[PDB]
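Below you'll find only one chain, the form deposited in one PDB entry, shown as structure tokens.
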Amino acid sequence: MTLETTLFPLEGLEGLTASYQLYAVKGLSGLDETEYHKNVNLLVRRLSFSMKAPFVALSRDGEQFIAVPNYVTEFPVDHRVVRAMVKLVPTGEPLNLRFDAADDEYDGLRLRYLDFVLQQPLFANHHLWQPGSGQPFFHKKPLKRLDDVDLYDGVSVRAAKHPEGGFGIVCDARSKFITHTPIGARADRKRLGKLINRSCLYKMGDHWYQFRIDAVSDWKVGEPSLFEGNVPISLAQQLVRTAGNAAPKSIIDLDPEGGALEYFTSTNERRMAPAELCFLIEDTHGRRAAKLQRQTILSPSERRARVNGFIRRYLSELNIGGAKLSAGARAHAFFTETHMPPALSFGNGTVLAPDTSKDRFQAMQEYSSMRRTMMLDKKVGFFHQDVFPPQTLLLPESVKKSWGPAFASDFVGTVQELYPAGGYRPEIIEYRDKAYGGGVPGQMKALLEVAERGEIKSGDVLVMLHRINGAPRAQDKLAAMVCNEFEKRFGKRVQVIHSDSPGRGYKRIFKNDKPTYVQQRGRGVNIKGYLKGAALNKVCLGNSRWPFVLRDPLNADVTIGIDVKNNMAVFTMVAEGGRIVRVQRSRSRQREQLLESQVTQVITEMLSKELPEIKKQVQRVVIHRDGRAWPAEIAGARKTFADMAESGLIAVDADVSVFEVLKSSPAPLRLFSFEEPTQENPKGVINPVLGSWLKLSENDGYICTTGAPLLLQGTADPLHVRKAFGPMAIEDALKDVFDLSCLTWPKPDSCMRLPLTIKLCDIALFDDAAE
């Protein structure tokens, strides 16, 4: 029950003052709403980079209002571009904001200034460096050597409300991999060309920073490439001219024949940098480096020690102007009651409840294991038990002709053992995977023409696809294409598997004087485990056969997930306790955003179909956005439900609340708990327990959907949820985010960081790179 955060108090905040001047944007009378807020935040962004001051937007009433720091001198007031031209008329009354005050609507304004001024002393520390604005600060000295790549340790620092009052700082340790030797002066024109879009650390003497390689310069370092007042000047001359005092040898003694790289400034100017001083950042998610990836996963005591060490070392004294700020060395710590996992309903009227008489950890591990063993027990089994509708297994011809038949028999038998009530009996069909070219077009040509023939009787299809490209930081457009077309042109519900991993599970054997394929079990996959996982996720879940549901009601009657990526939106809906789950994909005119009319269309359609099966009149709705919510999306959701309350489809006083689920948090905070110190663990720091939670604010909370009993290595990463709108209390929203993350359907015996609502969003999108 004893929890420590990575929130540190801020001292000397008194006498620190932040003066702004509200302007209002004449803009265009016509508000495309979605285009209106894009242009506002575009200008706020443009202004911040060009004048280097903490510009902010204050969206109240008219939602305009650009806040200009009072200390900037000449201010254009009128600004070009931005479609129609905009003008800013100051709203008078210049604001001098204090940090000892109660909660205002100007707290977003205070947080922007606080963030901005706090990283000035750090940016001036000769032993630290920052890749770019807003990023963590790293030590210049590498932490670890790692044999041709260097490992750098850094810490993020972000301003945040303090739950006991006032303001503070939330921090987390970060890791970065940079190759040890520079790109080099002797690297030729073609080799530099092969680095476009890669990112490098540039050691410009004592000023280190990161940039993206855009092009290769036509001019070497000692040849004139720019001019310093008419006269042509080499890059070598420019770096000598802007060095100070005791400049390092490396920036005044550059190889004249070396090449230079080119990058774009955040105001879109072009600059050059000598390849002799540039060190490639290892995108480790782009090129599989798993021995590296382990270096990034920290034990709780390592993670707590690195963060606190940075605090006591660089934020003890902090001068911003004539201000003396300190970050206290002791993080905020608290006592709380921890949420227990919810009671669950399985087959045959069987409930699973956490045992309240055992100690918490033993009780959590028993509960979690039992989610798997109850699902498998033919005396209890799946909550939803029924025969499947007809099914199809669509295999490449090359596979059907080799190990396909052996895989299918094993796979069929695995489904029937996992879901005995289903009678799984698929028709096995093939497509000509070698007749048209093996790329994405050509594979799709063969898949569509099997479809066009009508060989896919039955509406459900599981199709085995070939892998085109690896690199886990890419996009598999073939699976998205197949799902898109089969859904749109035929009426099919499609699930996908790939052919590389199951094929590794079979080896050819000579038996009774005939070649046969049998299971193997060396290295490449664990084929028995693969068959069970695919059986649950692709056939059972893909037919909406839910293994277990919540016994008791959530705080919300209905919660809806929303994610938009790649011009494809997903809407998920969970009602009853997961007895009613729905997923609609729909195309979107913007890459990552939704029109107001589209939110209200899809949601009134989705809910209306289901309302006659919701036998409780509905009076609390919650929307879970993956990431930031946009005002037209908030508006489209408030309209949907104000409408339904007037028809009588829903309680006449039902209310909606919108929460942003920030899985990559702008203020990532950690929680730790404690234990008897023990040789290996001299400070006794351990992960928090599964149900731990903390609110900072009426608008910001954290729940551990992952934690102590169920984690193998590393430290739990608490899920940040933020209230965008609505009456519901953040504590109530955190509780049923937690209950929804206990519906661990893809892997029953496990913890799962995302609630089922946006978990369904990640499954269904997989970044839909077509339509």
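Residue positions are given as counts along the sequence shown, with the first one as 1. The term rigid core refers to the most C-alpha atoms you can superpose between the two forms while keeping them within 1.5 Å.
Absent from the display: the form deposited in another entry. The rest refers to it.
Once the core is superposed between the shown form and the other one, every option in 165, 349, 76, 472 stays below 2 Å in C-alpha shift except 76.
After superposing the rigid core, the Cα of residue 25 is displaced by 2 Å or more between the shown form and the other one. Once you line up the core between the shown form and the other one, the Cα of residue 114 stays within less than 2 Å of where it was.
Annotation for residue 369: C-alpha shift under 2 angstroms between the shown form and the other one, rigid core superposed.
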